[PDB]
């Protein structure tokens, strides 16, 4: 019982782009760009589509960097999040009613205002590692348990 989602991090040598979500799921936190994958669409094509919808940016080549499964206690459906990176984009980030993009220097990543799992896997993303994770949450602020392992193949 899992549902597919994407998450894309625009990661350049000295800075990363995050978006502050203004409403709906994740509102009030910084995160990368993503969403649900459609019927008949590949995961990677979903990732590309959602980056455009949410940031204004056009990506060509996406690189796989992780898979993370999220469980909320009491909720039947698991989120199966496929995480991607890119360093090369076209366009300028767009602020919309849904999202406010900003660049962050890599020593100023706003962990306190991100989902709390990110403290665990973002350091791996920054060192170009790939990973499989599982995080069990109670509500949106507490991690009850987790596993996280580096992998060679996502």
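Heads up, when I say rigid core I mean the largest set of C-alphas that superpose within 1.5 Å between the two forms. Positions refer to the first chain, counted from 1.
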{"item": "Greater root mean square CA deviation, 63 to 71 compared with 97 to 105 in 6 other deposited structures of this protein, core aligned", "value": "97 to 105"}
{"item": "Residue range whose averaged C-alpha B-factor is higher in the record, 30 to 38 or 83 to 91", "value": "83 to 91"}
{"item": "Greater mean Cα temperature factor according to the PDB record, 53 to 61 or 118 to 126", "value": "53 to 61"}
{"item": "Lowest, middle or highest third - CA B-factor, residue 137", "value": "lowest"}
{"item": "CA B-factor ranking of residue 131, expressed as a third of its chain", "value": "lowest"}
{"item": "Entry-reported Cα temperature factor of residue 105, expressed as the chain third it lands in", "value": "highest"}
{"item": "Chain-relative CA temperature factor third for residue 7", "value": "lowest"}
